[PDB]
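Number of protein chains: 2
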Amino acid sequence: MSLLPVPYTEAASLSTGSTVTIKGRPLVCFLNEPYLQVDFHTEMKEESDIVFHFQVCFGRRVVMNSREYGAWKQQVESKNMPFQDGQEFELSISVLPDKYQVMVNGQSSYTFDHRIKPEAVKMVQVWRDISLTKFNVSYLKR
Amino acid sequence: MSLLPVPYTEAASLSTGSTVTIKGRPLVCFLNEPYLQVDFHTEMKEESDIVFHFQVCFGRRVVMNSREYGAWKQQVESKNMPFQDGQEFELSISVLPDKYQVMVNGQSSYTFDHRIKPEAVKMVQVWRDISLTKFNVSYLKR
Ligand SMILES: OC[C@H]1O[C@@H](O)[C@@H](O)[C@@H](O)[C@@H]1O
Ligand SMILES: OC[C@H]1O[C@@H](O)[C@@H](O)[C@@H](O)[C@@H]1O
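In order, the protein sequence lines correspond to chains A and B. All residue numbers for the first sequence refer to full-length UniProt numbering, where the first residue is 1 and numbers rise by one. All residue numbers for the second sequence refer to full-length UniProt numbering, where the first residue is 1 and numbers rise by one.
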């Protein structure tokens, strides 16, 4: 169905029990090393701080970090690569009490402990070398 | 004027005296590290070999390489960064006898010696985190 704009920006609120659901596909083959980035921002401004930075180099690695008062903190690097060459992916990011949990196509794949309270989030941006068909933030919980 | 599709693909031929002219802008601020990539390919297929790979991490560095029978060769890394935060750029890549020369906004900025004859080029792709308003390959010379 219909392609969403990329870069994709949605005003957002997160707390324990929130889920962020993303369906998309890499624009090109893994040999060409397309990226995916998901940033949970503290303001609508793109230069604002990032509570949770998630950056996939498809076929190679994933880095997670925070950007706090304009400065990148301690990088976490994973070689875990559940994404499949040439395939649509479904990404879901759950806000648990102590961490973000990243599911890829239904499989727990990455976690990242909260450095800043999730309530600081005001915006989610999804960008780099993908098409997007679906984006949702859940708002069911108190 | 009118935005070209990104990723941008044009069938191309190059030889000594050819110029490739690119006008675009980074989609986001340099703090968010948008990329630009220009690949001179040996076939229309995106998985084909790359005679000249040019990859800008805006505000940080540039890497140049070739991908030959599916394998990346010796990386050349530059910290030269003439690109200006938030600005439109004009990139021109001249095919000289012994190298590619990269001009940024009229300023000689990078060169890369031919590893494969430029006549092997059949396609140029321009992609990653930019908008494009202009792309030209010159065809004036014998
Ligand atoms: O300069 C190093 C920093 O650069 C940024 O682009 C992110 O990749 C961070 O994860 C990293 O710590
Ligand atoms: O694996 C290392 C290689 O990876 C590719 O993505 C390019 O960046 C090459 O310049 C580099 O040599």
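For each residue, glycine too, the CB sits at the ideal point set by N, CA and C.
Checklist line | beta strand (DSSP E) runs wholly inside the UniProt domain "Galectin" (6-138) of chain B, at least 3 long, in chain order | finding: 8-11, 19-26, 35-41, 50-57, 61-68, 76-78, 89-95, 99-104, 107-113, 123-128, 130-137
Next item on the list: Using the Cα positions of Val95/B and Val63/B, report the straight-line distance between them to the nearest angstrom.
Entry: Your numbering for residue 95/B matches position 95 in the second sequence. Your numbering for residue 63/B matches position 63 in the second sequence. So the alpha carbons of these two residues sit roughly 18 Å apart.
Notebook entry, point to check: Relative to the C-alpha of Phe30/A, which residue among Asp85/A, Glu68/A, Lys23/A, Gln55/A is closest?
Noted result: Translated into positions along the first sequence, residue 30/A becomes position 30. Checked all of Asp85/A, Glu68/A, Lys23/A, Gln55/A; the closest Cα to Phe30/A is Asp85/A.
Check: Which residues in chain B sit within 8 Å of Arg60/A, going by Cβ to Cβ distance?
Finding: Position 60 of the first sequence holds residue 60/A. Simply none; closest approach about 12 Å.
Margin query: With H, G and I counted as helix, E and B as strand and the rest as coil, what does DSSP make of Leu4/A?
Written below: Looking up residue 4/A in the first sequence gives position 4. Note: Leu4/A maps to strand in three-state DSSP.
Check: Which residues in chain A sit within 8 Å of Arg25/B, going by Cβ to Cβ distance?
Finding: Taking the first residue of the second sequence as 1, we reach residue 25/B at position 25. Neighbours of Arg25/B on chain A: none; closest Cβ ~13 Å, over 8 Å.
Next item on the list: Could you name the residues of chain B that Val28/A contacts, counting a contact when the two beta carbons are closer than 9 Å?
Entry: Indexing the first sequence from 1 puts residue 28/A at position 28. Per Cβ cutoff of 9 Å: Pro7, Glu46, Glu47, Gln125, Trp127.
Notebook entry, point to check: Near ligand 1, which residues have their beta-carbon less than 6 Å from any of its heavy atoms, given in chain order?
Noted result: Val63/A, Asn65/A, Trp72/A, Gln75/A, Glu33/B
Note to self: Only counting the same chain, and skipping five residues up and downstream in sequence, which positions put a Cβ closer than 8 Å to that of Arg61/A?
What the structure shows: Position 61 of the first sequence holds residue 61/A. Taken in chain order, the residues that qualify are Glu77, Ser78, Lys79, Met81.
Next item on the list: Rank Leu14/B, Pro5/B, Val6/B, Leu3/B by C-alpha distance to the C-alpha of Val137/B and give the top, closest one.
Entry: In the second sequence, residue 137/B corresponds to position 137, counting from 1. Of the candidates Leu14/B, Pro5/B, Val6/B, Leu3/B, the one whose C-alpha sits nearest the C-alpha of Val137/B is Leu14/B.
Item checked: Interface partners of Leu31/A on chain B, CB under 9 Å -> Working through the first sequence from its first residue, we reach residue 31/A at position 31. Result: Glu46, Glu47, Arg67, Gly70.
Notebook entry, point to check: With 16 other CB atoms within 10 Å as the buried threshold, where does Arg128/B fall?
Noted result: Locating residue 128/B in the second sequence gives position 128, where the first residue counts as 1. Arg128/B comes out buried.
Next item on the list: Report the residue from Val51/A, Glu10/A, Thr21/A, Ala12/A whose alpha carbon sits nearest the alpha carbon of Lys117/A.
Entry: Stepping through the first sequence from its first residue, residue 117/A is reached at position 117. It is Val51/A.
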